[PDB]
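Read through the structure below, which is laid out as structure tokens, and then see the notes.
Any read-out appearing in this document is the output of simple, stated calculations on the displayed coordinates, not a laboratory observation. All Cβ positions, even for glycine, are placed from backbone atoms using ideal geometry, and neighbour counts span all protein chains on display.
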Amino acid sequence: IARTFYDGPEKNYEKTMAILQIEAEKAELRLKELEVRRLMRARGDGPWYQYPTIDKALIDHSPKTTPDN
Amino acid sequence: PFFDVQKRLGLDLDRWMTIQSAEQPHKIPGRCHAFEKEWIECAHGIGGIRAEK
Amino acid sequence: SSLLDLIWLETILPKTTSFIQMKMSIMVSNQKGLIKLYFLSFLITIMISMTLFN
Amino acid sequence: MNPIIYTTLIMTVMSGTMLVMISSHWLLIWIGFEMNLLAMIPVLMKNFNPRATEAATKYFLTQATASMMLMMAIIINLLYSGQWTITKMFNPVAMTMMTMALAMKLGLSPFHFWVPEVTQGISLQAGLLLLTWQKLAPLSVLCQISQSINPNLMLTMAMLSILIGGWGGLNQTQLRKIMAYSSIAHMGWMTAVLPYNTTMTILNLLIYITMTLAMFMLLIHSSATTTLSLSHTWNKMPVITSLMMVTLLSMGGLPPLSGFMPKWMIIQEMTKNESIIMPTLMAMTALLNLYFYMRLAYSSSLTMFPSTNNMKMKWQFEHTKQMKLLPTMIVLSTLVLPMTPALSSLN
Amino acid sequence: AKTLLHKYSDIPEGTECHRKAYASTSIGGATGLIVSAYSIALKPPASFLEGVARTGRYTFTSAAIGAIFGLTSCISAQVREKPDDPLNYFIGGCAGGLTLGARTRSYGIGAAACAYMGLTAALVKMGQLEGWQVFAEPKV
Amino acid sequence: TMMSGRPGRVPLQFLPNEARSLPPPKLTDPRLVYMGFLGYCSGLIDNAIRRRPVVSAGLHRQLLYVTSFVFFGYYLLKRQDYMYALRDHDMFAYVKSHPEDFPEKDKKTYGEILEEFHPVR
Amino acid sequence: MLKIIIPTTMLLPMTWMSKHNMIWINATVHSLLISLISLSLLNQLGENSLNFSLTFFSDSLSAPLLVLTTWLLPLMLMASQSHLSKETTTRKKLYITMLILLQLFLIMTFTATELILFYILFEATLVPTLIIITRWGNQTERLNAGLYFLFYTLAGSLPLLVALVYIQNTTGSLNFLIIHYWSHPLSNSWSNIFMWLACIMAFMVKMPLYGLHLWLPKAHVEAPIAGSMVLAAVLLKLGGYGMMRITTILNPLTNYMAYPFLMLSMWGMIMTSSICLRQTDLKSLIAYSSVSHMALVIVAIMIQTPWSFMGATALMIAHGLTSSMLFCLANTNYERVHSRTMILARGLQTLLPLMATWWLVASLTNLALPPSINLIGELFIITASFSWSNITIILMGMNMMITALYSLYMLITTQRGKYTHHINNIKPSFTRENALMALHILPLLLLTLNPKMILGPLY
Amino acid sequence: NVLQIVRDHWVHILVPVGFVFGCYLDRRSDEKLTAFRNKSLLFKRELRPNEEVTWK
Amino acid sequence: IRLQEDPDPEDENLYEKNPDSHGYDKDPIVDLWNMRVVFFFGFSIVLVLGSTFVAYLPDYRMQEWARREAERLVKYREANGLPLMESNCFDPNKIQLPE
Ligand SMILES: CCCCCCCCCCCCCCCCCC(=O)OC[C@H](COP(=O)([O-])OCC(O)COP(=O)([O-])OC[C@@H](COC(=O)CCCCCCCCCCCCCCCCC)OC(=O)CCCCCCCCCCCCCCCCC)OC(=O)CCCCCCCCCCCCCCCCC
Ligand SMILES: CCCCCCCCCCCCCCCCC[C@@H](O)O[C@H](CO[C@H](O)CCCCCCCCCCCCCCC)COP(=O)(O)OCC[N+](C)(C)C
């Protein structure tokens, strides 16, 4: 029965090790992503939560009717 | 929500009217043209949060 | 069987909740469809939002 | 109404909504709202009768008041900032006015009565278009101006919408009023998630639109506008009743159907922001919506109501008009839970 | 409403029971006034006197519930010398529920209100102690 | 809005040029197979509603259903993968550029860590 | 796990593409084959679980439940083919499809490695069950029974969803292996109390706990025979499996929060046995006996010792088999006389001898008769409860006495005495019914022969 | 005739081929978790002269 | 009457048409083959083969392995005068208590 239907314990042992590594790395990444999202939303110094401001290319710098702008 | 067709196609449909420091007829200046220009040039490219801070 | 299972375990959790939901449903849905009434409601809501929310 | 006039009015409604969704100017957004309402009134009054006229009158009054408040908010914002671009609003008073105006346009409580009234008043096609598109536009404006939304006011109106939709749908027997209260509850859920994740707002909008389209098209196929009229559909075309049953189960948020995905994602997102009481209350309150969905399912597919004698002639005859994208809407509203991570594509 | 809640919270938990009762009465009266305004708007009275009577009834019911809640909770905490204990808020909530039942002349309403209001007030106290927030500020 | 307004974002672009550097989804992707299954279910429901033989009728129509679903699913999967890769890129960049906000911590063994013991009795 | 999952998703098209008269034969044959295939999961390790992939894993707790589900499907098919003779081909295929979907969801539930996927699947199990009950129930009360069942389960389970997403946000993962290895103590706080409450209350409603159990008589009495079989045998075991899984992260708060649930379980075990003593409906008697047994299982899980968990697992398996057999016997009686009243049909021993033998064996297994696995589980739970405290022995003895009393009361009422004179349509027992009883009873005795297969990971 | 038997009894291969496909997919899933194969401290060893991997 | 309703049909007996009925199907051949497949597969295949398979399942729980290891440890510890059961699971030298 063991020869025909089942494998050795090394396969299950090492597959379990690989699964544990993957899941632990995923948990670490999730926590780090939450921290990054919090910091980015609080500070606005990253690529996230960059709400639009007014483009400065719309400003007309040509001389006006009045000298003092 | 906001499909920026104007930015994508290079069209200008209301950006000419959005602000008072833009191109005005006969180069008539706004009341606060200098202040709006200064604020816009300060806040350009840094986002809303940093612009307000 | 009767006093606990068929009466009070039914009265506490499932029956009272269903009765409350039915009463609230009747209260919400019992409207005469009058624009004067619910526009007065709109005015009250606007005043409350303006004053009590800051 | 001439078919050319009807299609040009539909094109004008869509043009108003698209103008709202593409404009960067508050005046142009208001223009889009006005054009949408102007072309939408005759669509409501297409099949002329006193009920349709009254529904159109109530809709016009509500939308006109909302537009007046919206333009007042725009002007007040301009006064304190001199800005016409749609961004974070610079005045809290103007932001409150804009929030109330957009909530009134959407139908969020306590601005909801017109939704069941008009939906009952107008036909099935008009109700479908109304719900879907007229929720599509103001939600776009709110998503654009989300970062200045007052969380207290938005969440208050959202929770009120959820509760009121649940209770009203509990009481109603008319299918159009049931759909209207369902719309109120779903709008409540969406605006509840709005101040945190506009992506989740859009996801809930898409799933709600798919389910609503499927349900309305099934009702049009069966030509049933009441519970008892729908109770006769099992004796003519039993497939439509089964599809309606699974769609109703999905709309109630039962796993593993498509309706569970928006609730699940919204609860997760609100939990990420240290909100527990609000997600728990919202999850518990939806059981009212599930109850009246289940009551509707009992009458139509899970039981056999008595029928009549001319149903034999109805058997002899066959449905002519073909609904467009009905199978796609039925599949998308029940079997897209495994495809949840596409919300990143939606981002 | 925020000012009234701030006054009530600024009054210390186990002391100044008369001031606690007054603040809770004010909060209850404001709630009753709002409820009466919505009731008059949605279900119009048959006459001005009937409308005033309905407003007075609702406002007095709410104010009595608030006064009983505040008195019971503050006095219980004071005599037990255990501030920051949800049991005091539970007792106050059940007292308010019993007051509502007496006002509405219904033993069943009184019992259900005692249970639900006691649980709600205990949860409010637990939230105050633990930092729970209903309208949480956006983050993450 | 987290990734709306990201620098360098071209509006109305389903798939930018920088997405070409990511591995495209395989044609035997389980998600693509599920999209094809959704298309097949849509075809079966269409036959059922139109009262044709559900499994036999409209083979061309069912094939078009499956093909359209697979096509849109492939492009949707490409966009989803691009967005998740972009999220990871931004997160790693922020973590690297804010070391004082993300500091390394000394790793202690459980022989040094003291954990309270709670007997089950 | 795919070697078992895919054959069910292939049972579906086989059912829908088979001929009109061959659906039952094909479904039964291939369900038995799938059960035989799933028998290979019992070869478990002494150190850890069988981690097939990132999504599915099997343990000494999951394996017997999966084997029980796969074995239960063909018996449900036999009973359904008994009571659905005049149905149309499409509706027969729809009923078989509901059973197949339920089995698939149960398999994926028992093998799910994450708590959120487990939640999704164990909530997905509600839809086929609700459809089956409210569609193929015989009486009017099926609608109310379905409403009660659905709303009890969902009002229990929604706070569990909120707690699960909160735990994922706090700890980074809902994977069971990670949460077991990275578990930290739960401090005595209101927030932790309410998290514990959310999880435990969801699974208690699923159990059901005493005071949260009316939906169980409602649904079990009014569901069709296959629905009654699946509700008692497997669907009640989702709560116990979940409690044995979640309690990893709920310590040491389980020492202090378990008192009300232990008191409810013990006293309601006594009360439901007493209710069984005075039931005028046979299905209701079986349902309340199920409630008492699951209350004992709750006591075991709450006291939470290695001796209690083994007893809990053994009692769950034994109760599943015994309750399924009792429901089948009562359903045969109902199909005879078209009424569920216990005192309507009497003298059934002199009218149907071998069915009287099946009733006797089922009743002897229902009460803890040594060396049956029912008694093994009950005795392990009683010993663990004795170590917990020394008046639990008083409560357990009272419960055992009442259990024997009502079991033998049911046996004597239905089988002994003199037959009802005017009931003259009791045809001889069918080969199908006899085979159903034999397939219910023989595996229980073989499990008695080999008991370490159902004692769980704590063995 | 023979055609009718195949026309009717062709559904009896669906479950067996599903079992075969499930075994194949189980092998495919297992072959993606080979990152610690012959790397655990407990089962690490030197390969035999005529083998490439410890398990599959 | 309030409806045009069918009368409740009489109960159908399978033994009337087919005296040697197994209770599976109305059709005699289908019923016989249903009985045959149920009995063969269930009883023979599942019961007998699964029971012997479970009986001869390999000792993957390492019960006998643990017993042999225990025998070796007991022999070694009683030969050298060491305690049969060690006082601590881990090494106190490798454990570092707080001050
Ligand atoms: C196959 C498993 C599917 C599992 C779920 C997957 C997702 C859904 C499937 C997609 C949609 C399928 C079509 C739906 C309509 C079907 C209509 C019908 O009669 O169908 C019979 C039709 C044959 O009959 P026909 O001669 O064409 O026409 C007879 C009339 O239709 C006769 O019509 P009638 O006039 O007698 O109609 C009356 C009947 C009408 O009833 C129906 O039409 C029932 C079906 C429609 C209801 C909704 C279906 C699901 C839609 C999505 C919603 C979520 C689904 C998942 C839910 C999970 C939680 C429950 O109504 C009633 O009996 C009322 C009482 C029952 C109501 C309460 C129960 C409702 C249950 C709702 C949920 C059902 C879920 C499973 C559905 C499976 C359907 C086949 O057979 C099929 O459609 C079988 C399915 C397709 C098989 C393809 C096989 C291909 C070759 C083998 C491939 C092997 C694998 C490939 C790999 C390589 C291997 C080597
Ligand atoms: C140079 C010559 C070649 C040019 C090539 C063309 C370049 C692209 C052209 C795109 C089409 C032209 C414009 C037509 C409208 C554009 C629509 C789309 O392309 O835009 C994208 C939008 O893409 C869609 O959002 C993704 C559609 C995803 C559909 C599924 C949603 C996920 C549902 C979850 C469950 C899935 C179930 C399975 C579904 C079948 C991003 O545009 P963006 O300006 O940034 O949007 C702003 C609003 N935001 C920021 C809030 C988003």
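Annotations for the structure displayed:
- Likely footprinting exposure, B:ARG8, E:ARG19, fewest C-beta neighbours within 10 Å first: B:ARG8, E:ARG19
- In chain I, the longest principal axis of the Cα atoms and the axis of helix I:28-37 are about 0 degrees apart.
- Simple rule: put +1 on each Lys or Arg Cβ and -1 on each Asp or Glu Cβ in chain H, find the dipole, and look at H:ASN38, H:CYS23, H:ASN1; the Cα lying farthest toward the positive end is H:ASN38.
- A:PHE5 paired with F:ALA85, simple spin-label distance in nm, labels 7 Å along Cα-to-beta-carbon: 4.5 nm
- Within region G:371-459, trypsin sites (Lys or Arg not before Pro) in DSSP loop having at most 15 other beta-carbon neighbours inside 10 Å: G:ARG416, G:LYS418
- Ranking of F:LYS96, F:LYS107, A:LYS56 by count of other Cβ atoms within 10 Å, fewest first: F:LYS107, F:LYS96, A:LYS56
- Unit charges on C-beta of K, R, D, E only; dipole of chain H, Debye: 260 debye
- The simple Förster model, with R0 at 25 Å and r as the Cβ-Cβ distance, assigns G:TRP182 and I:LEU97 a FRET efficiency of 0.55.
- Sorted fewest first by neighbouring Cβ atoms within 10 angstrom, I:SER44, C:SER29, C:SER18 come out as I:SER44, C:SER18, C:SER29.
- With helices as the sole contributors, chain D gives -24000 deg cm²/dmol at 222 nm; each DSSP H run of n ≥ 4 counts as -39500 (n - 2.57), and the sum is divided by every residue.
- Calculated FRET efficiency for the pair E:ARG54/G:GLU335, C-beta based, R₀ 51 Å, to 0.05: 0.25
- Entry note, chain D: relative contact order of 15 percent, from Cα contacts under 8 Å with a spacing of 6+ residues.
- Crossing angle, helix E:86-104 versus chain E [Cα axis fit, 0-90 degrees, rounded to tens]: 10 degrees
- Between helix D:50-81 and chain D there is an angle of about 20 degrees, using the helix long axis and the longest principal axis of the Cα atoms.
- Per residue of G:395-406, other chain Cβ atoms within 10 Å of the residue Cβ number 0 on average.
- Distance between modelled label sites at G:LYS452 and I:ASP6, nm, 7 Å Cα→Cβ extension: 5.8 nm
- Short-range pairs are left out: with C-alpha atoms under 8 Å and at least six residues apart, the relative contact order of region F:1-98 is 31 percent.
- Alpha carbon centroid spacing (whole Å) that separates region G:370-390 from region G:276-334: 15 Å
- Low-density loop cleavage sites - GluC sites (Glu not before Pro) in region B:4-53, where at most 12 other Cβ are within 10 Å (DSSP): B:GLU23
- Chain G: relative contact order in percent, alpha carbon pairs under 8 Å with at least 6 residues between: 15 percent
- Stretch in chain D that is longest and holds no chymotrypsin sites (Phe, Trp or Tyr not before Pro) that DSSP places in a loop and that have at most 15 other beta carbons within 10 Å: D:49-316
- Distance from the Cα centroid of region G:145-212 to that of region D:36-108 is 44 Å (rounded to whole angstrom).
- Considering helices alone, the calculated mean residue ellipticity of chain G at 222 nm is -23500 deg cm²/dmol, with DSSP H runs of length four and up weighted by -39500 (n - 2.57) and normalised per residue.
- Region G:106-123 and region A:40-68 have Cα centres lying 51 Å from one another.
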